Amino acid sequence: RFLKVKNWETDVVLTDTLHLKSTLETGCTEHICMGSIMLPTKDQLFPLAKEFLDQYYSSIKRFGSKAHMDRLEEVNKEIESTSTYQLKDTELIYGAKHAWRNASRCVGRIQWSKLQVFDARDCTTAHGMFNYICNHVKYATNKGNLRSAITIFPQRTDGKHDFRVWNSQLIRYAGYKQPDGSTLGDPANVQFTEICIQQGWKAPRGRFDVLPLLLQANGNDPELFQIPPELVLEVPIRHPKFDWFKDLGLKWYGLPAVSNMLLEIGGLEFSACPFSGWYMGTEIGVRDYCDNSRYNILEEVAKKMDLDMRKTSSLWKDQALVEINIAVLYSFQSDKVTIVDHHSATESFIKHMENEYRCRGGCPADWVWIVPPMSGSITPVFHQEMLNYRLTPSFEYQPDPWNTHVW
Amino acid sequence: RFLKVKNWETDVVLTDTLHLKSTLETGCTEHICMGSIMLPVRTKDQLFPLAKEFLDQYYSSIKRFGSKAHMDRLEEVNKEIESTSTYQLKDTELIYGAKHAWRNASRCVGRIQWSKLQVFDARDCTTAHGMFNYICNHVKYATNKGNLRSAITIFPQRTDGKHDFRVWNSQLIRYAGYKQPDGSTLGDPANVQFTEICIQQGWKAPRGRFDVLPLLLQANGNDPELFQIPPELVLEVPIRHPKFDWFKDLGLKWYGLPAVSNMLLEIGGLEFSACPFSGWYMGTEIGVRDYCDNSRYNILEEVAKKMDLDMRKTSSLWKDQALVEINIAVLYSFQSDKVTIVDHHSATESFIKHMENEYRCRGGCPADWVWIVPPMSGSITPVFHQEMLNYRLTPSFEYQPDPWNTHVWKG
Ligand code: HEM
Ligand code: HEM
Ligand SMILES: Cc1cc(N)nc(CCc2cccc([C@@H](CN)Cc3cc(C)cc(N)n3)n2)c1
Ligand SMILES: Cc1cc(N)nc(CCc2cccc([C@@H](CN)Cc3cc(C)cc(N)n3)n2)c1
Ligand SMILES: C[C@H](O)[C@H](O)[C@H]1CNc2nc(N)[nH]c(=O)c2N1
Ligand SMILES: C[C@H](O)[C@H](O)[C@H]1CNc2nc(N)[nH]c(=O)c2N1
Ligand SMILES: [Zn+2]
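Going down the list, the protein sequences come from chains A and B. Read in order, the letters of the first sequence are residues 299 to 338, 350 to 716 in UniProt numbering. Read in order, the letters of the second sequence are residues 299 to 338, 348 to 718 in UniProt numbering.
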């Protein structure tokens, strides 16, 4: 019931108790571990609200005070009469920060308390949503000195009036299948790019076309907005030694901003809650560039490097991988756009885990997502046992809107 | 119930029914996943179901389920259990069970090979000097002058738990570690404690950086005894780099035969507490883990130094650069000397083909993603992108505590 996690590199053992407050389920049972699976009414809401308000009032050292009792009282009143309730600003901010704190898959959580929360609960149209998002983009971008931020649109009501950003991230590149049979741009966004076209977007048909927003206000049909080109900071990718690298014509955007997830706070559901931080280099260099179903550039880079591609055992893929990743980091740093390397980020997370064990009694972590996609065992997180469990407030995955929406 | 796993690179979906035959527990619950935790005396009572379940699996795999032979064998084991409180496996049963323990080993990326396992039956063994002889024979057979063959040697099963056979070494071949007075380590830091036990038991330590350890062998619950593996039986590979000629001057070498000797084989409720087994190396085990873990030989700094990489900021990725060169060297060295080794691209690719094969013919393949994905270059290997189901099937290999923690000394 009280659980140990060991670091195998340093022998440091931590004791986890925080898991006993876990509310949601994992996917796993005593018979099967699902740790590597990507995706494993009035009555229900009152308990959820209470659980949340209890933790909030505890956090501000006023647990069981008159102000605590009065608020629980007031929310109970409100649910009974209205069937939902509204969070105080203070609660909303607490909820959002804690949803990030509880993100078991996020290596960057050392930062979690420095989160700029934009309350867009007064938003009523898609045009207002576009306005909110442009402001989030410009604030978070901060001319390259990135600042963490979330923009929180109105909560779900009867579920027929959902706000949704149809995009998966605020900024992403279009994918188009070719007569050639191949794929131009990012293969991950073909379906969403077609949707956009279908609704009327005129696509430039290049390899790195920033997609438009498709925004859904109040359960309405989504509409299209181009983010002002000048708000989208991009970085040309060059290598500090290989002059030919720039000739590949690679670029990536500075701002990673997740926009398809659901924020749950005290039982309330915020279905449009775009959030953003800054990149760890491997995200772009390893995943976006090298995944076979992504820009899949390994083969071209290796050839330009004149490596032996006759046999897997020359480790030509591995060699090219490191260089691509050196180039990503070098380009971002040269243009003064915030980026973190995987050594620095994982080191930060081990420190954050120590902190969270010490001050909170644990830190849910998902080892499968936390360990970087290159050079695993040379980062400290590889050797750190992690317990994965689900706390609330949280961010949750939700179905892609085009499968839900009725037009 | 059916469970699907998806591959996110290929969209290939697979259906698992095998997990329905899983008996043992995982460590996980609906409230906590223990998937990255490294480590998460039987009565008749519990033995006969375990024997029956095994013999059912065996007779099925020979198309003899429900046969006169199958039934006569149940009756025979049953009587043996109720009369002697244990039972003996037939030779073909021991074979079957040792291969299946491997097939079912969810942390094993090399399982495409599982049906080619040479089984050496050492159940007539009685002494530690006997053990030494069976282990020499295993190593010679397995090494095969660099053309490695998979093998296992299976000493007598546990009886009352006071008469255990055990190999105290964690692998048959491993290098000594000496913790120096200035607090530095000479040799392999992983093996200090054991090297100190060997020493106390009487070993004369050469005390260099690659001393092959003695075997410490316990037969029949007796105090363990030391033996030196004949050096001529210990194949080693000097490490050099195809392009970097200073790489040889690092003085690195490694042994060709990975041979695990501290695990427990369970077959039909019987416990084989000494069952050393050997395969061949995947290059990253040496080049990534054994050379570059901070708690092991830890050569990243010296290698990057000699490569004159910019080491003032981690964001030069100097560690990643040196890491790749070291691994190129290990593969180059082994191949040059004609000693079997597999790279992590080839091994993970083979594994994915094995895993899909298993889903078709067997209804699943329990796999532990945390261990299967290689410790470098994770996402450019197909296994990274493969969803996996981890569950526990028997026959199986299990961890046991190191014997110096539990052994009752005779004197
Ligand atoms: C400040 C810099 C940050 C860094 C360096 C960072 C790092 C990461 C990385 C590398 C991942 C894995 C993503 C992937 O492989 O696709 C991740 C996942 C995630 N992070 Fe962050 N993070 C940051 C900020 C944030 C912020 C601001 C939030 C929300 C307020 C957040 C919530 C999450 C969530 C929910 C996931 C997993 C989502 C999913 O399952 O797809 N992180 N983090
Ligand atoms: C034939 C070549 C083989 C290759 C390339 C191979 C590959 C591997 C690798 C790389 C690991 C993980 C190593 C580590 O990080 O500790 C492993 C784990 C393991 N393999 Fe193999 N394997 C092979 C043969 C065998 C054989 C012959 C057996 C047994 C009969 C076996 C049973 C296991 C077991 C039980 C584990 C997990 C051990 C643990 O939890 O510590 N493997 N395999
Ligand atoms: C199928 C699927 C499920 C699931 N839960 N997540 C995905 C990937 C979508 C996603 C979610 C969160 C974060 C990311 C990162 C992709 N490299 C982007 C990112 C976001 C943030 C906020 C910070 C950061 N460094 N990087 N991607 C896909
Ligand atoms: C602390 C700890 C726990 C635990 N369950 N296992 C270990 C390592 C023991 C072990 C077991 C199986 C395999 C290995 C490999 C280490 N590189 C050795 C190996 C053995 C075999 C038979 C083949 C192969 N390629 N490699 N190590 C350590
Ligand atoms: C199937 C496996 O769970 C999937 O490839 C995961 C593995 N680990 C990951 N880790 C991170 N950070 N991001 C990912 O997308 C993935 N994908
Ligand atoms: C804590 C963590 O589970 C531990 O470092 C594991 C991670 N994955 C591994 N994977 C393999 N093949 N071998 C290992 O020793 C480990 N170590
Ligand atoms: Zn699990």
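By construction, the Cβ of each residue, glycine as well, lies at the ideal position given by its N, Cα and C atoms.
**Message:** Using the three-state DSSP reduction, which class does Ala-412(A) fall into: helix, strand or coil?
**Reply:** coil
**Message:** Below 6 Å, is the gap between the Cβ of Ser-684(B) and the nearest heavy atom of ligand 4?
**Reply:** no
**Prompt:** By the criterion of Cβ-Cβ separation under 9 Å, what are the contact partners of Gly-333(B) in chain A?
**Reply:** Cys-326, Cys-331, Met-332, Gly-333, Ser-334, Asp-675, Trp-676, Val-677, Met-695 and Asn-697
**Prompt:** Rounded to the nearest angstrom, how far is the Cβ of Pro-531(B) from that of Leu-524(B), given a contact under 8 Å?
**Reply:** 6 Å
**Request:** Let me know if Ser-640(B) comes out buried or exposed under the rule of 16 or more other beta-carbons within 10 Å of its beta-carbon.
**Result:** buried
**Proximity test, Cβ basis, 7 Å: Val-567(B) and chain A** = no
**Asked** Interface residues of chain C around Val-595(B) at Cβ under 7 Å?
**Response** This model lacks chain C altogether, as its protein chains are A and B.
**Request:** Work out the CA separation of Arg-418(B) and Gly-586(B) for me, nearest whole Å.
**Result:** 10 Å
**Request:** Could you confirm whether any beta carbon from chain B is found closer than 7 Å to the beta carbon of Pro-682(A)?
**Result:** yes
**Request:** Indicate whether at least one CB of chain B lies closer than 7 Å to the CB of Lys-550(A).
**Result:** no
**Request:** Output yes or no for whether 7 Å exceeds the beta carbon distance between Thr-315(A) and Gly-670(A).
**Result:** yes
**Item:** Helix, strand or coil at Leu-523(B) according to DSSP, with G and I counted as helix
**Value:** strand
**Prompt:** Along chain B, which residues have their Cβ under 8 Å away from the Cβ of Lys-319(A)?
**Reply:** Simply none; closest approach about 10 Å.
**Asked** Taking the alpha helix (DSSP H) that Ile-633(A) falls in, what are its first and last residues?
**Response** 625-643
**Asked** Do the CB positions of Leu-522(B) and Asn-476(B) come within less than 7 Å of each other?
**Response** yes
**Prompt:** Hey, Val-567(A) and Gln-478(A): beta-carbon distance below 7 Å or not?
**Reply:** yes
**Item:** Buried or exposed (CB count within 10 angstroms, at least 16 for buried), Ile-369(A)
**Value:** exposed
**Asked** What are the partner residues of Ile-648(B), as DSSP defines its beta bridges?
**Response** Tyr-588(B)
**Asked** Mind pulling the chain B residues with CB within less than 8 Å of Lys-612(A)?
**Response** Going along chain B, no residue has its Cβ under 8 Å from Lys-612(A), so there is no contact; the nearest lies around 16 Å.
**Item:** Selection of the stretch 600-625 of chain A by Cβ proximity to chain B, strictly under 8 Å
**Value:** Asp-600, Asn-601, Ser-602, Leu-607, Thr-621, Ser-622, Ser-623 and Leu-624
**Item:** Beta-carbon separation (whole angstroms), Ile-461(A) vs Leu-572(A), contact threshold 8 Å
**Value:** 7 Å
**Message:** To be precise: take each residue of the stretch 358-371 of chain B, compare its Cβ to all Cβ atoms of chain A, and keep it if any distance is under 9 Å. Which residues remain?
**Reply:** none
**Exposure label - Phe-300(A); buried when at least 16 CB within 10 Å** = exposed
**Request:** Determine the chain B residues that contact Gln-535(A) at a beta-carbon separation under 8 Å, and present them in chain order.
**Result:** None at all; the shortest Cβ gap to chain B is about 30 Å.
**Message:** Please report the distance separating the alpha-carbon of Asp-615(A) from that of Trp-625(A).
**Reply:** 9 Å
**Request:** Could you give the DSSP three-state label for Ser-703(A): helix, strand or coil?
**Result:** strand
**Message:** If you measure between the beta carbons of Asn-697(A) and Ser-413(A), is that distance less than 7 Å?
**Reply:** yes
**Request:** Classify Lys-560(A) as helix, strand or coil using the three-state DSSP reduction.
**Result:** strand
**Asked** What are the uninterrupted segments assigned as beta strand (DSSP E) that are 3 or more residues long and contained completely in the stretch 653-679 of chain B, given in chain order?
**Response** none
**Request:** Please state whether DSSP places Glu-328(B) in a helix, a strand or coil.
**Result:** coil
**Item:** Interface partners of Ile-635(A) on chain B, CB under 9 Å
**Value:** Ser-622, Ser-623, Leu-624, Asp-627 and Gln-628
**Prompt:** Just the Cα atoms here: how many angstroms apart are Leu-630(B) and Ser-392(B)?
**Reply:** 53 Å
**Prompt:** What are the partner residues of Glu-383(B), as DSSP defines its beta bridges?
**Reply:** Looking at the DSSP assignment, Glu-383(B) forms no beta bridge with any residue, so it has no partner.
**Prompt:** Under 7 Å Cβ-Cβ, which residues of chain A neighbour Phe-691(B)?
**Reply:** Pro-682
**Message:** Between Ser-653(A) and chain B, is any beta-carbon pair separated by less than 7 Å?
**Reply:** yes
**Asked** How would you label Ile-635(A), buried or exposed, when you count the other beta carbons within 10 angstroms and need 16 or more for buried?
**Response** buried
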